[PDB]
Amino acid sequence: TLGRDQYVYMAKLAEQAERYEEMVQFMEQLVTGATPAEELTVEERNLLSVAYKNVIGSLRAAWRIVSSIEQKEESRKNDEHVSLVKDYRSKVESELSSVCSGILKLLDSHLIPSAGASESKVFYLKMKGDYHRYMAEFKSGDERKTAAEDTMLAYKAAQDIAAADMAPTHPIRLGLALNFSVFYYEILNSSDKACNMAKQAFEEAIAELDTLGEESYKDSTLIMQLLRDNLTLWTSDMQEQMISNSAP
């Protein structure tokens, strides 16, 4: 076993080598060894989030490609290749599930219990909704509806806490509104609800934009632009009743 400061060094070392599967292991060991008794630092909090974002991001990108090839093979009526491709996609899906379960388990057992402030709660609850949403991207029915309900619970909990204590210009609250609006748009097909949410968070940040500090102005404004980009792509598109840019 290494020290807390040493796992941060090993996580960064793995980050430089783009060996993210091991960056996750180094941060998990840091988490399980310092929480829930104590709270993660902003640095450790972001290193963990970055580690899982890259690991799952790589599998999400692969799943898109495989799923796309499957549709291309089913349009050819190539029954042979369709059988092989679906075997492969399920292998990627089991790995997507493995990673989401890892962080979701760490969120319930360690991270959320460790949050002793609204900022940390909203961060981990948002994160909890994020990886439930990733589960909902490849699940079919029932499993997807369950994945969607778990997403709704985690996000709406983070939204309640954030709106009451977080500032509308805080990147975490902004990122929450972004990913939450992506949830309505891409998981629930509610363009109207998703646009109304993104716009509200955007305008709320504009009103208090003067009181935005050096530390988080780029993080905030970046999310603000992603909200505006999505809102343009969504309003440019046209739904009927009821990829998008998620947070950094």
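The first residue of the sequence shown is number 1, and the count goes up from there.
- Where coordinates are absent for parts of the deposited sequence, a chain break appears; between neighbours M242 and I243 it spans 4 to 9 residues.
- The mean C-alpha temperature factor is higher for 72 to 80 when 144 to 152 and 72 to 80 are set side by side.
- 116 to 124 and 81 to 89 differ in mean CA B-factor, and the higher of the two is recorded for 81 to 89.
- Within the selection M27, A61, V55, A207, the deposited Cα B-factor values reach their highest point at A207.
- By the numbers in the PDB entry, the CA B factor is greatest at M166 among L107, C100, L176, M166.
- Looking at the C-alpha B-factors along this chain, the one for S181 belongs to the lowest third.
- Ranked by C-alpha B-factor against the other modelled residues of its chain, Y9 falls in the middle third.
- Sort the modelled residues of the chain by CA B factor and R45 lands in the lowest third.
- Among the modelled residues of its chain, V31 has a C-alpha B-factor that falls in the middle third, as given in the PDB entry.
- In the deposited entry, the Cα temperature factor of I187 sits in the middle third of values across the chain's modelled residues.
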